[PDB]
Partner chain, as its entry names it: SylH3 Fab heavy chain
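Take a look at this single chain, the form solved without its partner chain, given in structure tokens.
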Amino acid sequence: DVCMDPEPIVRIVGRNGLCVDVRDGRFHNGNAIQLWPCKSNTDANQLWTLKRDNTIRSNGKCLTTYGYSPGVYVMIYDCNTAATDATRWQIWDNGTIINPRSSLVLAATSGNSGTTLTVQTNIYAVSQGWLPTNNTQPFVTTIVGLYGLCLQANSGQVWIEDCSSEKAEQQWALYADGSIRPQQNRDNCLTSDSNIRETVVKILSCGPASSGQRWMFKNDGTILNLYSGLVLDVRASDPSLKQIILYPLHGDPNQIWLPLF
């Protein structure tokens, strides 16, 4: 008895919390898709129907890649006169929106309003993270880990500290693009300087929207850096070192976290 497959209508939120947006609300073939601040109204140009045939449609026309090589733009196009393969997309649990024919992924290579969307080689960067939802705000939460301690930001540094609900520095904004941002400075991002084990994670500008700034909360309690395969890890299970690192998955308590809101 097979599960129903519905066609939800949702916004698509991505880099820096901006929305997938048919530019100027115009729907002639070839008009560019862009990042734009998420609206609260019913305008069609930000409301996407996730059709059963793996198309993504606004005002009845298709989100369409201009081509199958990295860096080309993404546009609105008549679903039946567009090349069919160019209108097909899969939406992955880890936040990637991929075009199967090309294996390239939807991307915003700049973070400004008006940035034209492109397809790019998948590197699981923040510039390639998306969420289908009508939530225009990030999910604000504390992040609790080893010994019940709270992830805490102090300027550029991050460590775990005794939890206090009074502490804004222990509040985290989980953005649609996969970035984890200190509540007090939403232009900053939980950042690993590399894809390599034992790199100490820091708080740095979200400007690069890089592979080292995208994170996924997994079902086993770990927080995974998608590109590297490494998880967030309280170094040597020792909070007094004030260092959180990337480390290969073992699932011991120093790798287990929980979003408590």
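Positions refer to the first chain, counted from 1.
Beyond the structure shown, there is the form solved in complex with its partner chain, which is absent from this document and is the topic of what follows.
Proximity to its partner chain in the bound PDB entry, taken as heavy atoms within 4.5 Å, picks out 108-116 from the listed stretches 184-192, 121-129, 79-87, 108-116.
Site annotation in the bound PDB entry: the residue of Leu204, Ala32, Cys38, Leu47 reaching within 4.5 Å of its partner chain with a heavy atom is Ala32.
Contacts of stretch 71-92 with its partner chain in the bound PDB entry, defined by any heavy atom lying within 4.5 Å, are made by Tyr73 alone.
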